[PDB]
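Asker:
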Amino acid sequence: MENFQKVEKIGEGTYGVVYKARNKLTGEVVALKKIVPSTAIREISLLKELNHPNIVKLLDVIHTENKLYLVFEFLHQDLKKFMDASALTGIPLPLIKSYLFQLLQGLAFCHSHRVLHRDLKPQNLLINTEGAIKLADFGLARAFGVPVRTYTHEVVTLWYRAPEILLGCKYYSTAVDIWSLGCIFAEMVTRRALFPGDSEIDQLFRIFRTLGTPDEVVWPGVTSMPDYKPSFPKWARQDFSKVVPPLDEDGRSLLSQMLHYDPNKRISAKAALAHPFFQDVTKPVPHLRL
Ligand SMILES: Cc1nc(C)c(-c2ccnc(N)n2)s1
Numbered sequence: 001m002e003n004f005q006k007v008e009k010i011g012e013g014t015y016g017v018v019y020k021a022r023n024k025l026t027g028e029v030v031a032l033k034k035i044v045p046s047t048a049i050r051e052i053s054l055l056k057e058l059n060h061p062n063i064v065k066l067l068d069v070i071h072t073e074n075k076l077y078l079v080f081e082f083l084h085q086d087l088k089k090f091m092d093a094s095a096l097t098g099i100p101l102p103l104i105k106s107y108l109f110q111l112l113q114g115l116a117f118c119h120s121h122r123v124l125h126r127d128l129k130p131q132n133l134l135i136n137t138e139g140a141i142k143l144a145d146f147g148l149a150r151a152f153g154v155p156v157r158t159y160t161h162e163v164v165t166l167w168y169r170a171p172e173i174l175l176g177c178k179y180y181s182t183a184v185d186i187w188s189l190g191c192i193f194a195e196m197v198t199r200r201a202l203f204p205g206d207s208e209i210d211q212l213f214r215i216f217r218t219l220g221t222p223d224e225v226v227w228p229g230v231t232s233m234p235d236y237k238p239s240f241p242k243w244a245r246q247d248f249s250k251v252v253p254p255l256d257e258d259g260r261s262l263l264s265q266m267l268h269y270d271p272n273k274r275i276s277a278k279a280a281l282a283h284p285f286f287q288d289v290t291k292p293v294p295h296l297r298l
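Going by the authors' numbering, the letters in the sequence shown line up with residues 1 to 35, 44 to 298, in that order.
1. Got a sec? Which residues, its chain only, sit under 7 angstroms from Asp247 by beta carbon, not counting five neighbours each side?
2. Closer than 7 angstroms to a non-hydrogen atom of ligand 1 - does that hold for the CB of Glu12?
3. Could you name the residues of the same chain whose beta carbon sits closer than 6 angstroms to that of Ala170, not counting the 5 residues immediately before and after it, in chain order?
4. The beta strand (DSSP E) spanning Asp68 covers which residue range?
5. Could you work out which residue in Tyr236, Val251, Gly11 and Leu267 is closest to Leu83 when comparing CA atoms only?
6. What residues in its chain sit with their C-beta under 7 angstroms from that of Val154, if we drop five residues either side in the sequence?
7. Does any heavy atom of ligand 3 sit closer than 7 angstroms to the C-beta of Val163?
8. Exposed or buried, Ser106, counting other C-beta atoms within 10 Å across all chains shown (16 or more means buried)?
9. When you measure from the CB of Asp145 to every non-hydrogen atom of ligand 1, does any distance come out below 7 angstroms?
10. Do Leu87 and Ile135 have their CB atoms nearer than 8 angstroms?
11. Please classify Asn59: is it buried, with 16 or more other beta-carbons within 10 angstroms of its beta-carbon, or exposed?
12. Hey, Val64 and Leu78 are a contact pair by Cβ (cut 8 angstroms); roughly how many whole angstroms apart?
13. Report, in whole angstroms, the separation of the C-beta atoms of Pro271 and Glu172, which I expect to be a contact under 8 angstroms.
14. Hey, which unbroken runs of the alpha helix (DSSP H) at 4 residues or more fall wholly within the segment 93-147?
15. DSSP beta-bridge partners for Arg22?
16. Cβ atoms of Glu8 and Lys24: under 8 angstroms apart, would you say?
17. Who pairs with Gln287 in a beta bridge, going by DSSP?
18. Verify whether the separation of the beta carbon atoms of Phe109 and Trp167 is less than 8 angstroms.
19. Quick check: the Cα distance between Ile209 and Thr26, rounded to an integer number of angstroms?
20. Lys75 by DSSP, collapsed to three states: which one?
21. Do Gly147 and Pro234 have their C-beta atoms within less than 8 angstroms of each other?
22. Between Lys129 and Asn62, which are expected to be in contact by the criterion C-beta below 8 angstroms, what is the C-beta distance as a whole number of angstroms?
23. So, is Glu195 buried or exposed, given that buried needs 16 or more other C-beta atoms within 10 angstroms?
24. List the endpoints of the continuous alpha helix (DSSP H) containing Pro171.
25. So who's on the other strand from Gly13, going by DSSP bridges?
26. Near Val44, which residues of its chain fall below 8 angstroms by C-beta distance, leaving aside the five closest residues on each side in sequence?
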């Protein structure tokens, strides 16, 4: 750690404090994360080679005095702050589309290597002044787990969590990331979180009140899942035209496929990239500040 100089604290992550720092050897400005079991070291080391332009680069893994520090590429802004700053006006559709397209590319890459994120949320989608967006903290959930509360006791958000996770599936798939990204897409479009649950059951029932309570017709096997209750109320599904106006029919088609209940039906990142919604995709320059 003597090789790094802290510049400022830039947030409280799930596992520890995050600092902006300067690498004295390279001159590099980095994001330095305080998080060790040998299984975690090996998993994290595997992530050093999972490189893609839409994945925040893991520069180094430092294990010392029984401690783990992760050194990442630094980006100046997250999508949560950008959405808050764009609240009055909305993020322009071409930029939403560009961001979604880029995030799907990052997912298609990671998923092709059988690596999942499992905790996508606006705070770990990072943006630059060039129009890029990147997925941060990719793979850390499998290395370290997703806790109920962070190291500072902050509640880990449920808003983007896939229904199979909430229903107690132990062996979930890359589809969990598509669900999260669909929730984020909807949030960019409407300027409000899609399913802002404040407990597991509130999260589940919010999903059910929009998408309908799932049953064996739409999701074979759902009624046997560990946390499924036959006493769940039966809500009717809403039309997406109500849920995400003014999104056009290509966008609503894509979103609906990202939010399919049955993970085996849910669209893949690769298939989503071929969707007609991306016919006219471009890479605009965002209106930022710093
Ligand atoms: C909390 C924070 N979560 C992330 C992902 C942060 C961050 C900020 C800047 N750069 C990087 N890589 N990560 S700060």
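All C-beta atoms, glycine included, are put in the ideal place defined by N, C-alpha and C.
Answerer: Per the coordinate set shown:
1. Along the sequence shown, read from residue 1 onward, the residue named residue 247 stands at position 239. Same-chain partners within the cutoff: there are none.
2. Counting from 1 along the sequence shown, the entry for residue 12 is found at position 12. Of the heavy atoms belonging to ligand 1, at least one sits nearer than 7 angstroms to the Cβ of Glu12.
3. Taking the first residue of the sequence shown as position 1, residue 170 is located at position 162. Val184 and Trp187, listed in sequence order.
4. Translated into the one-based positions of the sequence shown, residue 68 becomes position 60. Per DSSP, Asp68 is one residue of the beta strand (DSSP E) stretching across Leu66 to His71.
5. Here residue 83 corresponds to residue number 75 of the sequence shown, with the count starting at 1. Residue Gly11 is the option with its Cα nearest to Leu83.
6. The residue labelled residue 154 in the question sits at position 146 within the sequence shown. Within the same chain, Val154 has close Cβ partners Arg126, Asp127 and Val164.
7. Looking at this structure, you won't find ligand 3 anywhere; what it does contain is ligand 1.
8. On the sequence shown, position 98 is the one that residue 106 refers to. Under this definition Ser106 is a buried residue.
9. Within the sequence shown, the letter at position 137 stands for residue 145. Indeed, a heavy atom of ligand 1 lies less than 7 angstroms from the Cβ.
10. Sequence index remark: in the sequence shown, residue 87 carries index 79 (1-based). Sequence index remark: in the sequence shown, residue 135 carries index 127 (1-based). Taking a C-beta distance under 8 angstroms as the contact criterion, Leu87 and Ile135 qualify as a contact pair.
11. For the purposes of this step, residue 59 is taken as residue 51 along the sequence shown, with counting starting at 1. By the neighbour-count rule (16 or more Cβ atoms within 10 Å), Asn59 is not buried but exposed.
12. For the purposes of this step, residue 64 is taken as the residue at position 56 of the sequence shown. For the purposes of this step, residue 78 is taken as the residue at position 70 of the sequence shown. Incorrect: roughly 10 angstroms between the Cβ atoms, too far for contact.
13. If you number the sequence shown from 1, residue 271 lands on position 263. If you number the sequence shown from 1, residue 172 lands on position 164. Contact holds; Cβ gap of about 5 angstroms.
14. 101-120
15. By one-based count along the sequence shown, residue 22 stands at place 22. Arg22 pairs with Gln5 and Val29.
16. Taking the first residue of the sequence shown as position 1, residue 24 is located at position 24. Taking the first residue of the sequence shown as position 1, residue 8 is located at position 8. No, Cβ-Cβ distance for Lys24 and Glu8 is not below 8 angstroms.
17. Counting from one through the sequence shown, the residue named residue 287 turns up at place 279. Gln287 pairs with nothing; no bridge assigned.
18. Taking the first residue of the sequence shown as position 1, residue 109 is located at position 101. Taking the first residue of the sequence shown as position 1, residue 167 is located at position 159. In this structure, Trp167 does not lie closer than 8 angstroms to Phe109 by Cβ.
19. Within the sequence shown, numbered from 1, the residue matching residue 209 stands at position 201. Within the sequence shown, numbered from 1, the residue matching residue 26 stands at position 26. If you take the alpha carbons of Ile209 and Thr26, they lie about 48 angstroms apart.
20. Stepping through the sequence shown from its first residue, residue 75 is reached at position 67. Residue state, collapsed to three classes: coil.
21. On the sequence shown, position 139 is the one that residue 147 refers to. On the sequence shown, position 226 is the one that residue 234 refers to. Going by C-beta atoms, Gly147 is not nearer than 8 angstroms to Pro234.
22. To locate residue 129, count along the sequence shown from 1; it is residue 121. To locate residue 62, count along the sequence shown from 1; it is residue 54. Their Cβ separation, rounded to whole angstroms, is 16 angstroms, which puts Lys129 and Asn62 out of contact at 8 angstroms.
23. In the sequence shown, counting from the first residue as 1, residue 195 sits at position 187. That one is buried.
24. The residue labelled residue 171 in the question sits at position 163 within the sequence shown. Segment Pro171 to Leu174, the alpha helix (DSSP H) holding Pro171.
25. Here residue 13 corresponds to residue number 13 of the sequence shown, with the count starting at 1. Looking at the DSSP assignment, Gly13 forms no beta bridge with any residue, so it has no partner.
26. What you label residue 44 is simply residue 36 of the sequence shown in a count that begins at 1. Once the five neighbours on either side are set aside, the close Cβ partners of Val44 are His71, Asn74, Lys75 and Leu76.
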